[PDB]
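These protein sequences, in sequence, are chains A and B. Numbering-wise (this note's numbering), the first sequence opens with residue 1 and increments by one. Numbering-wise (this note's numbering), the second sequence opens with residue 285 and increments by one.
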Amino acid sequence: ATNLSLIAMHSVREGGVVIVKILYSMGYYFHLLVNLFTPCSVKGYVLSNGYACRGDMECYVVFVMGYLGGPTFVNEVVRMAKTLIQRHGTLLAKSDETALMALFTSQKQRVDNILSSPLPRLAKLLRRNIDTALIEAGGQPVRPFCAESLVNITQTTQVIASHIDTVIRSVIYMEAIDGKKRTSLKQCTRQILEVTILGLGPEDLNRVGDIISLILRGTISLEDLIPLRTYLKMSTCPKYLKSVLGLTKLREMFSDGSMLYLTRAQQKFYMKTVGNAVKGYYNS
Amino acid sequence: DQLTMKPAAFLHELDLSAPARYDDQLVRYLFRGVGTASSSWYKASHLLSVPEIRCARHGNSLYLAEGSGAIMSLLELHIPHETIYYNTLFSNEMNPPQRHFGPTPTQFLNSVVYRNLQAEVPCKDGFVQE
Numbered sequence: 001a002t003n004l005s006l007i008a009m010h011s012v013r014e015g016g017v018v019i020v021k022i023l024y025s026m027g028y029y030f031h032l033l034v035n036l037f038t039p040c041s042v043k044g045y046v047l048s049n050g051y052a053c054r055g056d057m058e059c060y061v062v063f064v065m066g067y068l069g070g071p072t073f074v075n076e077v078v079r080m081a082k083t084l085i086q087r088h089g090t091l092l093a094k095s096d097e098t099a100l101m102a103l104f105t106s107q108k109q110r111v112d113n114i115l116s117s118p119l120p121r122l123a124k125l126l127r128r129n130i131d132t133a134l135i136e137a138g139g140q141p142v143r144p145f146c147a148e149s150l151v152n153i154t155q156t157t158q159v160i161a162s163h164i165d166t167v168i169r170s171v172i173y174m175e176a177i178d179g180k181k182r183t184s185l186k187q188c189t190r191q192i193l194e195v196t197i198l199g200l201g202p203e204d205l206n207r208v209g210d211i212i213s214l215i216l217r218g219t220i221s222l223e224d225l226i227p228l229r230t231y232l233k234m235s236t237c238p239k240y241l242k243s244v245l246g247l248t249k250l251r252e253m254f255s256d257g258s259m260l261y262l263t264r265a266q267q268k269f270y271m272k273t274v275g276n277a278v279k280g281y282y283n284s
Numbered sequence: 285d286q287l288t289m290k291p292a293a294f295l296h297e298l299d300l301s302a303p304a305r306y307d308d309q310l311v312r313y314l315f316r317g318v319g320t321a322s323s324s325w326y327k328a329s330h331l332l333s334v335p336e337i338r339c340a341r342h343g344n345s346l347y348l349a350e351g352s353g354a355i356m357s358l359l360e361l362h363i364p365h366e367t368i369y370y371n372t373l374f375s376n377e378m379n380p381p382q383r384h385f386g387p388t389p390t391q392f393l394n395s396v397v398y399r400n401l402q403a404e405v406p407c408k409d410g411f412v413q414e
């Protein structure tokens, strides 16, 4: 905080803006920045929209710099604020921090109201996002990697059928090793997921909720992406698959042969993908 | 739009001359669908609601610890400044084999301000930035 204060007091002109991102559960550093900038600045602000809401009251703090005297004045303000943070004190007020706490509790309740909404209301909220005009100053939608592997609902299901046909034929031409087949089937699972979120339009919402549940669960089974018998109805040569491998072995190959664990950030990436899928960023 | 409305986005002005007293949600990542490198400048979109930030043109613009420059991209779109300064926690061990380049914010390279810089287009206040 001393370094930030010295940089801001040397660099910023009069009437300038100092924007600092900060938490609020770190109260000591918050009161210390209040101590270091409040004699320096003429204005104060706290602002935080819904995106910062984790459960710890993150916010921006905006000071407007007035006049600053000289290096004697800089040393005196820094030393006096260090003295005040030493003596368990700050320039922050009581009614100000209680209204601050009220605004944060209202923000947390409203974020819980938005996130726990029904799934058609989730669709209504996702279609009305401000990502269109302001954020697209060169901002690109977070597209999955198979979105760059396509040239062009039910034809997407035909593509998925052809893909799983090719992958099971790769499994057949493998033995005509175990973790390597699991690797190939996990990559197949991941690409089925990416093609599925390509297929997630703003109309079919059951698949939206199911894919969101698969992401939130942590793992993904191929039994959930398409059923065994439903795919074999939608397949091409199911009798060859039943003759060579069979429903027992292919049932082993769908769920437990490709149990794809994710990381945190991979789950984040696919939730961003589902959000873009609802916003109409994959079907044009 | 509802995440930046009134019961979420507030503008709490601070008390100035007070005396010295002595005292896991993965669902919200559905909204963060723009930006492949960073996803953390929706928070900075609230800063354009402040008029005093937008009334701060004709000067320098110090940016500290971005790492992706998307906040810097947005704000230098909507509030142009003459010379842009840029800082990031950057150890020099991070380089690839046989390469040599310092802190490069990924999305700021893709920004419209930077493409107006390389093409030397004047900004919306009518000057070439740096």
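A virtual CB, placed ideally from N, CA and C, is assigned to each residue, including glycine.
Quick check: what's the CA-CA separation for residue i versus residue j?
i        : j        : result
A/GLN107 : A/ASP204 : 31 Å
A/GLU58  : B/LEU332 : 17 Å
A/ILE172 : A/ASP165 : 10 Å
A/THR183 : A/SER258 : 8 Å
A/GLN109 : A/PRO202 : 27 Å
A/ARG229 : A/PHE254 : 12 Å
A/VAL74  : B/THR388 : 33 Å
B/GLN309 : B/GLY386 : 34 Å
A/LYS124 : A/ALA52  : 21 Å
A/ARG143 : A/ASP224 : 23 Å
A/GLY70  : A/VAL64  : 18 Å
A/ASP56  : A/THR105 : 10 Å
B/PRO335 : A/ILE19  : 13 Å
A/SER11  : A/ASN3   : 12 Å
A/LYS249 : A/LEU241 : 10 Å
So the candidates are the options; which of them puts its Cα closest to the Cα of residue i?
i        : options                                : result
A/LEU6   : A/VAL77, A/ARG121, A/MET253            : A/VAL77
B/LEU346 : B/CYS339, B/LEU358, B/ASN371, B/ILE337 : B/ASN371
A/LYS239 : A/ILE168, A/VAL74, A/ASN49, A/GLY257   : A/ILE168
A/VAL61  : A/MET80, A/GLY44, A/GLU175, A/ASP256   : A/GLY44
B/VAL397 : B/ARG338, B/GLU366, B/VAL334, B/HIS384 : B/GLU366
B/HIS330 : B/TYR306, B/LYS290, B/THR388, B/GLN382 : B/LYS290
A/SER221 : A/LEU260, A/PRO118, A/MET80, A/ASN276  : A/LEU260
B/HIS296 : A/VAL42, A/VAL12, A/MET80, A/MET101    : A/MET101
A/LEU84  : B/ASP307, B/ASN379, B/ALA292           : B/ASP307
B/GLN391 : A/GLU136, A/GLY199, A/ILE22            : A/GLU136
A/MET234 : A/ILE22, A/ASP131, A/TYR67, A/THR157   : A/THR157
A/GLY16  : A/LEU4, A/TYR67, A/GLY218              : A/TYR67
A/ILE22  : A/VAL46, A/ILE114, A/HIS10             : A/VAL46
B/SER357 : B/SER395, B/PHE294, B/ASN376, B/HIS342 : B/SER395
A/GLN266 : B/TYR369, B/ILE368, B/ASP409, B/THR320 : B/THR320
Which residues in chain B sit within 8 Å of residue i, going by Cβ to Cβ distance?
i        : result
A/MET57  : The contacting residues do not exist; A/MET57 stays about 11 Å from chain B at best.
A/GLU76  : Near A/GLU76 there are no residues of chain B at all, since even the closest Cβ is about 16 Å away, more than 8 Å.
A/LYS279 : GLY317
A/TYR24  : In chain order: nothing, as chain B lies at least about 11 Å away.
A/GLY209 : The premise fails here: A/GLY209 is roughly 12 Å from chain B at the closest Cβ pair, so nothing lies under 8 Å.
A/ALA52  : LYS327
Leaving out the 5 sequence neighbours to the left and right, which residues in its chain are closer than 6 Å to residue i when beta-carbon positions are compared?
i        : result
A/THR38  : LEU91
A/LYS186 : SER258, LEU260
B/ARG316 : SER323
B/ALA293 : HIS330
What residues in its chain sit with their C-beta under 8 Å from that of residue i, if we drop five residues either side in the sequence?
i        : result
A/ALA1   : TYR29, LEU32, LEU33, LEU36
B/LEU373 : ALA349, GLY351
A/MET271 : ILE212, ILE215
A/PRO120 : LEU205
B/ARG338 : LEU332, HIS362, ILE363
A/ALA147 : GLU194, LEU198, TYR282
A/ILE192 : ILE160, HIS163, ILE164, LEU222, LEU225, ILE226
Run through chain B and tell me which residues come within less than 7 Å of residue i, C-beta to C-beta.
i        : result
A/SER11  : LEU346
A/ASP131 : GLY317, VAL318
A/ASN276 : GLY317
A/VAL111 : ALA292
A/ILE226 : Residues of chain B passing the Cβ test: none, with the nearest at roughly 24 Å.
A/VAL64  : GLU336
Could you list which residues in chain A have their beta carbon closer than 8 Å to that of residue i, in chain order?
i        : result
B/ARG305 : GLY89, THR90, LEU92, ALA93, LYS94
B/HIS384 : Going along chain A, no residue has its Cβ under 8 Å from B/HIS384, so there is no contact; the nearest lies around 26 Å.
B/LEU373 : By Cβ distance, chain A contributes nothing, its closest Cβ being about 13 Å from B/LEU373, past 8 Å.
Which same chain residues, not among the five before or five after residue i, have their C-beta less than 7 Å away from its C-beta?
i        : result
B/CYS407 : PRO364, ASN400, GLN413
B/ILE355 : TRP325, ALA328
Kindly list, in the order they appear in chain B, the residues whose Cβ is closer than 9 Å to that of residue i.
i        : result
A/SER106 : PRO291, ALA292, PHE294
A/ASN49  : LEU287, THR288, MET289, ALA292, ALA293, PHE294, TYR326, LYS327, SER329, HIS330, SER333
Taking residue i as the query, report the chain A residues whose CB atoms sit under 9 Å from its CB, ordered along the chain.
i        : result
B/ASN394 : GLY138, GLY139, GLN140
Who are the neighbours of residue i on chain A, taking C-beta pairs under 7 Å?
i        : result
B/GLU297 : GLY44, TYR45
| chain B contacts from the region 85-101 of chain A (Cβ-Cβ distance under 9 Å) | Cβ contacts with chain B: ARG87, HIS88, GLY89, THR90, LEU91, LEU92, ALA93, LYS94, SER95, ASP96, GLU97, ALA99, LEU100.
| request: With 7 Å as the C-beta to C-beta threshold (strictly closer), list the residues of the region 113-127 of chain A near chain B in chain order. | output: Hits within the stretch, in order: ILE114, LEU115, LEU125, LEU126.
| task | Closer than 9 Å, Cβ to Cβ, to anything on chain A: give me those residues from the region 309-325 of chain B, in chain order. | result | Cβ contacts with chain A come from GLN309, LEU310, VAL311, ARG312, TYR313, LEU314, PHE315, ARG316, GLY317, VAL318, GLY319, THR320, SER323, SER324, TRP325.
| When you check each C-beta in the region 140-154 of chain A against every C-beta of chain B, which residues fall closer than 9 Å? | Residues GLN140, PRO141, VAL142, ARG143.
| Quick one, which residues of the region 397-413 of chain B are near chain A if we go by CB-CB under 9 Å, in chain order? | Residues of the region 397-413 of chain B whose Cβ lies closer than 9 Å to any Cβ of chain A, in chain order: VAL397, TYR398, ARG399.
| task | Would you list, in chain order, the members of the region 337-369 of chain B that have their beta-carbon closer than 7 Å to a beta-carbon of chain A? | result | Cβ contacts with chain A: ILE337, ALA340, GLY343, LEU346, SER357, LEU358, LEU361.
| Closer than 7 Å, Cβ to any Cβ of chain B: which residues of the region 177-189 of chain A, in chain order? | Taking 7 Å as the upper bound on Cβ-Cβ separation, chain B lies near no residue of the region 177-189 of chain A.
| message | Short of 8 Å Cβ to Cβ, which residues in the region 261-274 of chain A face chain B? | response | The region 261-274 of chain A vs chain B, Cβ under 8 Å: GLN267, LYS268, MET271, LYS272, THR273, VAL274.
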